[PDB]
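So this one's two forms of a single chain, laid out as structure tokens and tagged structure 1 and structure 2.
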Structure 1
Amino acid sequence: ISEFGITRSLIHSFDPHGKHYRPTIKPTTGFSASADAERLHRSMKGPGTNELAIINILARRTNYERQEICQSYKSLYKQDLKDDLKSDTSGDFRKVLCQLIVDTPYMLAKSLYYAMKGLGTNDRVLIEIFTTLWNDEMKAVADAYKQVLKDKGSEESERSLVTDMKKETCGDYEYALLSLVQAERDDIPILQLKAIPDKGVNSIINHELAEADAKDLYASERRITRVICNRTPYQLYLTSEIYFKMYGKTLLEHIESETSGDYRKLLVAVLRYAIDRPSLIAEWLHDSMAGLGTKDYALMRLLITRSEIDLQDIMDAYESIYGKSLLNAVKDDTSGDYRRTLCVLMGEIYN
């Protein structure tokens, strides 16, 4: 099973105008957990390893499918897939595989953990991860966090994700983070979400609310935090439009001149997640590759997660923004089976 369910929340699956985002990985038809499990086990037989075999499976499956496979191979072999892969591979390739065979929420929880363990605080990572989680997902990550602490020899009974953040963070930025982590953003019931393709988004937004919020903001303090962080992407988009109609300045522009530092970065990320997502995440990717190695984790984490949501859309944005395919940028920044893996997540298959 997966603490994230068969899919990521549907709330991530539609652009502002209600159109479906395009992923690079969809649920497999005929998906056989056992079949893939057997195929993986086979591929580790012998003194060496069939990297490509392994890649063509794991990087062509969803988190849920991957998890089913883990669960399958664990009973079909009384062995631990995570362990068997770790001992059959190494270097950058092993890293990516570990990121891949871990249930998404635990994956994120670990990176949150490393973002805060250490001197200083990797705000960029907190902003990047938290921006992309909705209430239920946020809760599963917080649970998984507790497990990471246990997993890393923490005898501290009461230590929690919020515990770590509070100590780690302060000011407007802290408040805004805690809000997201509090997991109390406006919800849209699964039924309403599912019906978006049919009834549109007019169905799940509110012009009265959007107007009030716009007027509220222009008068700008938890006011901006409340609107930007709580409103659904769909609600936020509408609020953005109304705000420009009413004031002739965009909500983005407004947020930028009115806020500073990490607080600003967070707000802008949350807003853009709603109204300019493809470009937002494209830039994040670009930034994970800027200079050298190494923001390897951000790169893996983004490709792995976004692949089952909107990676294709992000890819198109990337090429149109930077003049080069995401594929090529990735190819130029990485190598080995690690590179191959990233390419397959993007949809490029080999052998």
Structure 2
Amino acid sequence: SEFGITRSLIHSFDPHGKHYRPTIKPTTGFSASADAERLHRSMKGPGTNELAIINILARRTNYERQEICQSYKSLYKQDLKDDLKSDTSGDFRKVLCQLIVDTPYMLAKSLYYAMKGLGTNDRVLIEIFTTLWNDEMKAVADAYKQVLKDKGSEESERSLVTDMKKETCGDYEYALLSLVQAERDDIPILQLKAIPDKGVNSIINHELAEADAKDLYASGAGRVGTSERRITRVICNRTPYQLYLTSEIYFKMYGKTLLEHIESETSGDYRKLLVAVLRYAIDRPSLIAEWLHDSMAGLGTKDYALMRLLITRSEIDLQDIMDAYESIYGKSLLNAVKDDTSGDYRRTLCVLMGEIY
């Protein structure tokens, strides 16, 4: 994998140092080989044993999935991704392809489709960029060049940045480019590992949050819109832990929540990006619950958001998101999904959420 054994630990903890809860965790006694073989068995003769496939690929991490792919290749000298692609069809084949691909490639490909169609699917850009930290973003960028090649791009130096709108297009586009640069505030692995011990004071900074609050507060108004970067410089660079602190300080000081301030001072996609990044730090389960809810518009595989989100969030925080969703909507996420989808595609999603078949 290009993402290592796990997504960045930066994503693993709520504002308070509490482990988010995934629906998928590395599999005790995992054997790529065992799984490769079992998958091989599940594709045979007329038809296919779909549930067998699901109960493996939808119960492993991206890293384990890639190990399986590598084991499969080694063994059968065949290609897992293809073997699946030939014996499945429709929506089920679609979700399987999103599953057997390395995460950064699966995201890079979505970014590719969001930009290369008619009109720019910014919702997807915002959705995906919000969820990547520096190293992941870099892996996604590299995956992107590989996607262009896989599409037969004859261009030597086409790139993610190359395909994106120019910073001069506006505040939103500049912020997007800022994030792609992949130079947000980072936390050493040591510190992150220790969050569930020392808590979070070690990785935040009051003098900083307080100063940033002052900057955030003084950013806005008209007459001067010449490169107003302060809001971007803070929201799009501070760690989720630091942003939370800034958020707390800002409300104590000013009497309006930092979120309300953003919603009031910015517009269009720029606002949507800022709101996404901030809520991903201070209000994530709800943010992604809402995203999931919006993704369910009876489109099936016509829109990828639903499966992209379930697949990715399954190994980070999908369970907390499931809980948020029910609180917000009165219906379990599991049921919303059962209602909006069908077939083996549906079964895959339910298993990703922890359902058993």
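Only residues modelled in both forms are compared. Start at 1 and count along the sequence of structure 1; that gives the residue numbers used here. By rigid core we mean the largest C-alpha set that fits within 1.5 Å across both forms.
- Among the residues 308, 296, 36, 65, the single one whose Cα moves by at least 2 Å between structure 1 and structure 2, once the core is superposed, is 296.
- Residue displacement note: residue 249 has its CA displaced by under 2 Å between structure 1 and structure 2 (rigid core superposed).
- Relative to the superposed core, residue 169 undergoes a Cα shift of 2 Å or more between structure 1 and structure 2.
- Once the core is aligned between structure 1 and structure 2, the alpha carbon position of residue 234 differs by 0.1 Å; this is the C-alpha shift at that site.
- Here the rigid core is superposed, and residue 45 then shows its C-alpha moved by 1.4 angstrom between structure 1 and structure 2.
- Superposition on the rigid core leaves 166-170, 290-296 as the runs of at least three consecutive shared residues whose Cα positions differ by 2 Å or more between structure 1 and structure 2.
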